[PDB]
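# Residue-level structure breakdown
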There are 4 protein chains.
Amino acid sequence: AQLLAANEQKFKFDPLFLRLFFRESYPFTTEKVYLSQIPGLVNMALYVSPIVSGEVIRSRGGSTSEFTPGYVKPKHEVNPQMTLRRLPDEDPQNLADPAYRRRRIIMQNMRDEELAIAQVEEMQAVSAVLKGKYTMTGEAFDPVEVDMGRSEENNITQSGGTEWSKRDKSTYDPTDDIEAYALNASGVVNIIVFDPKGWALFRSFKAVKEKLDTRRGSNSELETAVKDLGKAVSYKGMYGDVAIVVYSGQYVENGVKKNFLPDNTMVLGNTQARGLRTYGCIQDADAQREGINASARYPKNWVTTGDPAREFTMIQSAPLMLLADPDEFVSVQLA
Amino acid sequence: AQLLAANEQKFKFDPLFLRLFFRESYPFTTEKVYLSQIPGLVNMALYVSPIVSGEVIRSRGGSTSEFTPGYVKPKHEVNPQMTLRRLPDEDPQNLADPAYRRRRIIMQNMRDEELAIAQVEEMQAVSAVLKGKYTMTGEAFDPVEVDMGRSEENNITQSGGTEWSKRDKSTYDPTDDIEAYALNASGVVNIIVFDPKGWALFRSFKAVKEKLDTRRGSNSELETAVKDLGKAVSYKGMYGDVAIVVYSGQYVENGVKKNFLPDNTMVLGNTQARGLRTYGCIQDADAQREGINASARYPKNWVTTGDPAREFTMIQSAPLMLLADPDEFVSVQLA
Amino acid sequence: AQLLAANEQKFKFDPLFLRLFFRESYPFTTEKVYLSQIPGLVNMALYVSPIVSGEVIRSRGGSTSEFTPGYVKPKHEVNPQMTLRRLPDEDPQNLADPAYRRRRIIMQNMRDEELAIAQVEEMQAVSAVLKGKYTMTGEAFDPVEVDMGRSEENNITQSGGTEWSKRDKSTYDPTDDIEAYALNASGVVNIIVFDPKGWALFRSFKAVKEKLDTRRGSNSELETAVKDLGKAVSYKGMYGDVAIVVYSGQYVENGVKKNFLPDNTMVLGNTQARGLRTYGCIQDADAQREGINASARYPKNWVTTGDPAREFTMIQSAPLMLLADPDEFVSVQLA
Amino acid sequence: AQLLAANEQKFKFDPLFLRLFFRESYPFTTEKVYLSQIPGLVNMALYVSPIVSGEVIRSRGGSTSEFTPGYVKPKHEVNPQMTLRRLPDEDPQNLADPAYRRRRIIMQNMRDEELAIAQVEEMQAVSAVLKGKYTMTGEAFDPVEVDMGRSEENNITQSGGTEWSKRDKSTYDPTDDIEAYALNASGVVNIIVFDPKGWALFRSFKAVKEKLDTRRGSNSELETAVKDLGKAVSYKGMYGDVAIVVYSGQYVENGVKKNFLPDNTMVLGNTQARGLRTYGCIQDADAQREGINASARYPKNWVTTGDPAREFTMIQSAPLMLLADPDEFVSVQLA
């Protein structure tokens, strides 16, 4: 089999949601997840007298600090009969050799599984911060639930009483509503991510159009993040002070492609949230043997024999995408 | 006779279907096509507990997996009498040289080849997503049928009771019908590309002409494909949760021109639908001598004697365009 | 006289009707034009057996292929007695040199004369696409008609029925007319070039002025060439998916300026429509000595004797501007 | 322990007040602070005939001097159970070394307290321009009052018969009121920074927005100073010759957050009001041995034994934020 040095990818293609909010990462050197080792938040400076005395600042993790990592393994085989993807500038001559055949099919595999698992971290992250509730299920795996701690005030539903659809599209101005929903944000909002369907009814108001900024985009280096993964990510401009973005992310279910977000559901928050990327240990003999259990991903390959006389490649991971303050976002359930 | 390295075209102008749905390309080293050897989709990551070895991710093959490749292979003469388009001020002195003249004309002939063989791919693709049913038959070749796997739910007719022509252009709203049609689409729908005439009656609906968003700065990099194929693709604007495109493309048979699409039709579809570009082996006696059996196209310069004492240039290929999920679209014929 | 190589102009300033639609040039070595010699159209494909050899495909499509090239030859004398535009700070004493001044005026004489033949090409193009016929008559030259093949269903007059004049400029939407004239286009329309006063009444329409996307630097790249020769061409901007421009240039007759277009006229065209820049031959024995019988423009310098005791400079060329499709554009007589 | 020179911070993160009002800094070489040692302001010329030497100008400044600064001092442990944040593209090979990990942890700590220290002089300035009174209290602190010399008209609250909340939200013009507030400013008013909840009331008047120039780019230098504080500060627009800022930064007490400003409050001043940044001696026996008694901050690292057997990192300073003219700002408590 190919050795562990066969990890030559160094590509950062996380679709817009591991990049805007959870920029950091905290691998663990323990099987569970403890918030005690999390640095947490800074505190005051505590006015005190001169050198007469002095006391130590000690940072707690709160009360609940136990979590179960979302450990998972995708498996692939290296059957040297699979049809190779017709990449451009690819000579069939140096493809006839089975040596290149194998080393390319294994790598194409490698990519498709981190793509799948990356879809998975994004799915769990959006599940966590879409309403503050979060869950962990799967066949051949015990069901697990996790409470982020979101306040009831940050899950407003538009359907109740005053919707957005049955108002006048020419006079009803949504600045009042967006400000009334951004006041209870525990922080000034600057990212106003929309959904492909919900954006239409929001933009339908003509009062929106004129005030909208569209001159090339003038927010920040966020444009660089947007134009890279521009397929499911669309950028319009400025709402006068804040960024207007529509996310149309997709994930592959058993056999159906499904949107990342429910249609008429909006997210409101900051561009600099504090989001956790905790990981569990790599519960296997070899990684412990090289002591690399504290990592995001683990590739490894072998040839197993006897009943399955075939060769297999694994990726192991254990995410628990987490947010420090669930209340720096509000979920608008539009209708 | 000129060598096999006379294939310098680098023209990537597939007309709107190989580039939007059929981004996935696959040659074979075998005569026929075997559906089992396509890697297929990648499922989510389905979760497993870290106590048991996981389940092997395998591409599940369908009931029918063996079809007949679409061998098509035209040629042309290279009589050094053909006129030349005047390249701008590249030393017209060499135009007198027949050696440079034939060398110039061969690229033009091969470009004619490429544009001619592009059309068979797109007429196969349009048949695929208009019916999921495909017939490849012609003179000096046996009839061939490919049943892609479409269901009847994706071929509903506007003539089934109430028709848009048999409605009111002023008060009736066709949107509800649009979501009704997209219901049995087996996934996300964001392109409902119309016919050149099939939209003129659609736009007559009053609700349409304000609900459509004709403003620029539209959905995504999608519109760049419009700037490439600017001869037959118009982008009418945004319809909310879906884009609107009108395609007036035409293919040219022996002497006359014909539209690709019927007069009143539309398709319920996704921009992420995966399309297969499988290519059969080059059944050329020479080709096997160089191990070039696996490719997309195949040129050759050759000299004929005795009865047709001229020399020719040849292009051979075998497109058998296929779709992963035929039922991802819904073909509504309008009335 | 001067060397024949003294032709250093290379400052192509074709007035937007040779750089928009007539990018393709086709000089001949035959004194007449043979339209069947131009490649033109080539048909789709055939389904052939992989074994039996396919038949050669020929290049037909043109039946009438005979026309008379547009020969014109202006000329000028070189007497060193004119008044010269004193360029900034280059000639302290060089103005005294007769040869230097002679070469300067010869260069200036050329720079002056190419404008005349540019005007001829421009009127050829506009006479082609404003009414679909062509007439070619000049004193000391025979009259001759050129038939493009334009159908009358591209020469609709707005006066027919209810024109824009007896129409509301605040409530009525002229777009309905726009598609009411764009259906018979044989290709997607994105050029709607207007006349100054013709667009003036068009601009009066309200629906235009809220739909007129005037924002500069549009996604269209035609304006990159527009600012070059902007002396007589404006750029209105976008009208959704289409590009609106106004042209108001004038050709100089023997003593005055004259607008190319009749006041109330407008056009419908596609951004990449194919137009022919075919040129006739140089029926000059002196030119034919060097085998320059196939060229674009031909200079000459030579000293006259006996009756007009002077020195002359010849510029001779035979443009016979043609189109791939005569009915592709639609010319509507505004009202 | 670590050397004192290990002070690799180089970060300028002053929260909107030390970076705009208190640019000048004046450390003290004595334990207490004497206000009378500020440089002060200078008279006109003392016009004099050029025959006799004049009197020497001496600037003293203020009368009261005997103030005493607060002596906060954060101290922290470096217990190597710290789960290090996984730096991107960092090799886990260095993760093995305890020394590298310890150095990383201490550098993370230094940032931790440098965020912990900025807040105290932040609300020092907040209290400075809120009423001009400054009370500093706390356990083991001997609370001290500080009188900056403010008048009462600098603290007018809108509490009369008519308030911004209980009048017309359409016809009332807030200008006359804002100049009524800014007339007694002892200078040109330039900053009208808002508390977001108060701004919610302010923007309710439309007469704001038909004159609100919220163009991107405040003055081309304010954004050069405020973009770094992307979490707490926001810039609205121009009210003509003046700027509008909304600040919602929060200082966190032992367990919860709290906003710096009182909710329905706003303040008026100028961008050039000079503010003192006086600091005091660092009463560290080591500091006297290294001659650094006069400084802003002081790092330290040492290894204790026996009772708290650990090793600790230490910071201590003496902030007594001051403004030259307390009356240069007026505080309106909105209602």
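### Describing the overall build of chain A
- In terms of helices and strands, chain A carries six helices and 17 strands.
- With the C-alpha coordinates aligned to their principal axes, the bounding extent of chain A is approximately 70 × 65 × 35 Å.
- Counting contacts in chain A only where the partners sit at least 6 residues apart, residues at least 24 apart contribute 71% of the total.
- Looking at chain A as shown, the accessible area adds up to about 16200 Å², and 56% of this sits on carbon and sulfur atoms.
- Taking the average location of the 40 positive side-chain charges in chain A and that of its 45 negative ones, the two points are 4 Å from each other.

### A closer look at the pattern of salt bridges
Residue and element names in this part refer to chain C.
- For the coordinates displayed, the defined rule picks out 54 salt bridges over all chains.
- Two residues, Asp14 and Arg277, come together in a salt bridge whose shortest N-O distance is 3.3 Å. You can see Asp14 sitting in the segment before β1 (33-34) and its partner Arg277 sitting in the loop between β11 (275-276) and α6 (285-289), a full 263 residues away along the chain.
- Residue classification places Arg277 among the partly exposed positions, given a relative accessible area of 23%.

### Quick word on the side chain of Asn264(C)
All names here are of chain C.
- With respect to the element layout, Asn264 can be found in the loop between β9 (257-259) and β10 (265-268).
- Using a relative accessible area of 13% as the deciding quantity, one classes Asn264 as buried.
- Excluding anything up to four places from it in sequence, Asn264 contacts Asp195, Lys197, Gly198, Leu201, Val332, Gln333, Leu334 and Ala335.

### Examining the pairing of strand β14 (residues 311-317) of chain B
All names here are of chain B.
- With six of its seven residues buried, β14 lies for the most part within the structure.
- When strand β13 (residues 297-303) meets β14, the two strands line up antiparallel, connected through seven bridges. Paired with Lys300 across the bridge in β14 is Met314.

### Details of unusual backbone geometry
- The backbone of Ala140(A) shows a phi angle near 55°, a positive value even though the residue is not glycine.
- If you trace the backbone, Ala140(A) turns up in the loop between β5 (133-136) and β6 (144-147).
- Under the relative-accessibility criterion, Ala140(A) is labelled partly exposed at 41%.
- For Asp89(B), which is not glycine, the phi torsion reads 60° and is therefore positive.
- On the secondary structure map, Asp89(B) appears in the loop between β4 (75-77) and α1 (98-131).

### Observations regarding α1(B)
Residues and elements named next belong to chain B.
- Across its 34 residues, α1 extends 50 Å between first and last C-alpha, which sits within 8% of the 50 Å expected from 1.5 Å per residue.
- Near the N-terminus of α1, the side chain that reaches the backbone nitrogen of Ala99, with its oxygen 2.9 Å away, is that of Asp97.
- Two residues or fewer after α1 comes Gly132, characterised by a positive phi angle close to 70°.

### A closer look at the interface of chain B and chain C
- Counting residues at the interface gives 47 residues for chain B, matched by 43 residues for chain C.
- Carbon and sulfur atoms make up 56% of the area that chain B and chain C hide from each other, which totals about 3800 Å².
- Contact with chain C buries surface across chain B, with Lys73(B), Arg86(B) and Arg216(B) losing the most and accounting together for 15% of the total.
- Residue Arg203(B) is joined to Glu179(C) by a salt bridge in which the shortest nitrogen-to-oxygen separation is 2.5 Å.
- On the surface where chain B and chain C come into contact, there are twelve residue pairs in polar contact.
- Breaking the side of chain B that touches chain C down by element, the ones donating at least two residues are β4, α1, β5 (133-138), β7 (233-238) and β9 (250-252) of chain B.
- It is α1(B) that contributes the most residues to the side of chain B that touches chain C, eight residues altogether.

### Description of the side chain of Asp284(A)
All names here are of chain A.
- One can find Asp284 in the loop between β13 (278-279) and α6 (285-289).
- The side chain of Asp284 is buried and forms no salt bridge, while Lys300, the nearest opposite charge, is found at 5.9 Å.
- Reaching out from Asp284, the side chain makes a polar contact with the side chain of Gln316 at a distance of 2.4 Å.
- For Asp284, the residues in contact, after removing those within four places along its chain, are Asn293, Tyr298 and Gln316.

### Here's the deal with the interface of chain A and chain B
- Facing 47 residues of chain A, the contacting portion of chain B comprises 35 residues.
- Both faces considered, chain A and chain B share a buried interface measuring about 3700 Å² in area, 60% of it formed by carbon and sulfur atoms.
- On the surface where chain A and chain B come into contact, there are three salt bridges.
- Measuring nitrogen to oxygen at the nearest pair gives 4.0 Å for the salt bridge that ties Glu24(B) to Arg85(A).
- For the interface between chain A and chain B, the tally reads eleven residue pairs in polar contact.
- Counting residues per element, the ones that place at least two in the side of chain A that touches chain B are β4 (75-77), α1 (98-131), α3 (198-203), β9 (250-252) and β10 (257-259) of chain A.
- It is α1(A) that contributes the most residues to the side of chain A that touches chain B, eight residues altogether.
- Class assignment of the residues belonging to the side of chain A that touches chain B gives a composition of 20 nonpolar, 15 polar and twelve charged.

Calculation notes
- Residues numbered from 1 in each chain as written, not as in the entry; some residues may be left out.
- Chains lettered and ligands numbered in written order.
- Part of a larger assembly, values for the part shown.
- Heavy atoms only, no water.
- Helix = DSSP H or I, 4+ residues; strand = E, 2+ residues; numbered from the N terminus.
- Contact = heavy atoms within 4.5 Å.
- Areas by Shrake-Rupley, 256 points an atom, 1.4 Å probe, with all protein chains shown as cover.
- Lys, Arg positive; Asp, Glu negative; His and termini not counted.
- Charge placed at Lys NZ, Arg CZ, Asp CG, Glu CD.
- Salt bridge = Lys/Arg side-chain N within 4 Å of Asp/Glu carboxyl O.
- Buried < 20%, exposed > 50% of the residue type's maximum accessible area, 1.4 Å probe, protein only.
- Pairing = 2+ DSSP bridges.
- Expected span 1.5 Å × (residues − 1).
- Polar contact = N/O pair within 3.5 Å; in protein donor to acceptor, adjacent residues only side chain to side chain.
- Buried area = accessible area lost by both parts, 1.4 Å probe.
- Nonpolar A, V, L, I, M, F, W, Y, C, P; charged D, E, K, R; others polar.

Honestly, that's just the spatial picture; any functional story needs more than this.
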